[PDB]
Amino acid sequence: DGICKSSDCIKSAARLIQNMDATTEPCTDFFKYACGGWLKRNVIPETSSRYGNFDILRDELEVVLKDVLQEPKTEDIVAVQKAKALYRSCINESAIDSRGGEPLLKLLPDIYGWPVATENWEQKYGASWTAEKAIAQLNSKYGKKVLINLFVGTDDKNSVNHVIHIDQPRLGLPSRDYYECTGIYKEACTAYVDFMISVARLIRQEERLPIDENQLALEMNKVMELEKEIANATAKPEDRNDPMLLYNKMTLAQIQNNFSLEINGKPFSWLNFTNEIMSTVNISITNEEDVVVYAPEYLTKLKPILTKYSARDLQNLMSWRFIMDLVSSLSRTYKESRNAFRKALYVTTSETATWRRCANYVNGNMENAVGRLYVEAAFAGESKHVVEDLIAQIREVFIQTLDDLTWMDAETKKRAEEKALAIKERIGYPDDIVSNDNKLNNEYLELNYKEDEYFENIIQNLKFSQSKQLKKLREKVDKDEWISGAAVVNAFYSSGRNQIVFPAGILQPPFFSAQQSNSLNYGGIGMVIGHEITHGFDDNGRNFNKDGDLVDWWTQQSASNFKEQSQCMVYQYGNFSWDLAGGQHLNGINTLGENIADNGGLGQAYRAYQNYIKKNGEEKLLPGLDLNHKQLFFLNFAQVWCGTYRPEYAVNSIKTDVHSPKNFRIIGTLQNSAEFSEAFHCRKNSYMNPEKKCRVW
């Protein structure tokens, strides 16, 4: 009868059936058609601002992590014993609750204290205090970047080396838009200072110091005034989206020349600051060091701001930025103060399960030890070969498509073919994490965890992570180093390494299974593969050559044509109105890169699917579904995107998110697909089938 009746097909079919809304016309709204069933069943948990298929797979991944982390085993190597020990220190709330805020109080003097919670700060600290030393201590010891973000990273123009970088810092609130403190941000800004005041009060109460509410509010509203200024000086994301423009290499004496700063009446020294950081790792810095400035405008605007604030005003903000990230690792009363602030930002009334947060904390700090446990428990490493072949098919489809693009000249097509061939793929997990105990053990050698000392553990992890990073400066970028752990539900592209990464976490249904129909595999992981590859050729990635160097490989015409073809997508998405954000329009510019990758990716995936049919023929149909495989490809593509958002998340996320909302990632992509309209027999100018169709890749 030409219908698949296997256990696998039945499982696939029930999933597709349950999620879709067959009472909707696919040519009217494919999001509702493909996801309407998912939406009616699912509700956003109280722990989340949004919920989708990512969150489902992530929640399930965490259950695997709990299972592998919770039980000590006889044959466990030291790296595995350390992850489990770290897990045990995290889940012991009784041990944590006992210490109160004592571990923060001990750490405080090492970061020049917190003026608001310190008595006679000027006499105790303000004597040996310098901006150079204060910022440097927070950076080198704890990896916390305030006022000035100094980091060691790959040189965009020489991908084999590391170089010192200077950029604008992250802010306490989610984005620079919050600092307006009116309308949708009023509550958050109020809750932000309220959180500062609450934390200040708890520390003083513990240290038995007099509490003046008037003074706490005065010192804390001044931190907010200082941060509001810093936030206004930061460049907007649209002013940072061009990598050629962002790159500004100069000497440390040149930085010292042009970017002068006066903190506490006395001028700031860029050479002392850098050595204060680099001495931590026994690295000498000359007055002739090359440094990439990502934010020259920000440093220029920073000078008139910093002259207006005292040592106390600055240290109050600097210490707060570190403290706010530590409160959750302390007792109940400290935790309760962050929960209230979280509730104000995200409209979430509950924190995630402690075991879940802990499994995630361990996975993030020990990605190789946890990744090994994950793959041994949940990933069939045999399926690395199936994906290896799919990546090969999609890479080939990208190269073949170059011929069919009219907007590029033969010379640009040649260089793009060069970049596409040089893409290195990373599938599942690095083989070494399973086969090489010595290398695994040695990565965590300097880490010694105590089961009753969670805070000591987290502070050690902050020190280790940052020491590793600073050490890399004089070193060459390691080729065999993975940009992601195995136990991650995501996929990535590195412009600097010209690499696509597919962690084991994403190589599972609905995206992939060597036992699921090929239409579902091409529709899911096949689109993800094209998405990641297309990232090497988007408004940001096209600026990097085959070796990951930031060099122009485009002719003046081909590049003007790229911008021309892209502009169609800018207006198409910028014309979408988001009902969860109150009908507010999408930012077509902020989301361009992702929209090019989505549109390029779905296109490349379907072609590869057609090519698979040419070579192998039609697959057996799925039972209980009155759809062919051409249609099932698009339905599975849309179902990987089933998701929803809180109206309060949407009103804010619309301005800064780089990915389009899920309904629009589905709508936008299929509106540009003639093959979608063919498979679904969409009448010309039906919502899903507009006459005009944007196309880049």
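The first residue of the shown sequence is 1; numbering continues from there.
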- Mind pulling up the entry and telling me whether 409-417 or 258-266 has the higher mean Cα temperature factor? 258-266
- Message: Highest mean C-alpha temperature factor of the two stretches 453-461 and 303-311, which is it?
- Response: 303-311
- Highest Cα B-factor in the PDB entry belongs to which of 357, 542, 321, 204? 204
- Item | Criterion, highest CA B-factor; candidates, 563, 535, 208, 395 | 208
- Determine, from the deposited record, the chain-internal third of the Cα B-factor for residue 344: lowest, middle or highest. highest
- Item | Position of residue 101 among the chain's modelled residues by C-alpha B-factor, lowest, middle or highest third | highest
- residue 11 CA temperature factor, ranked by third within the chain: middle
- Note on the structure: For residue 652, the third of its chain by CA B-factor is the middle
- In terms of its chain's C-alpha B-factors, the third that includes residue 240 is the middle
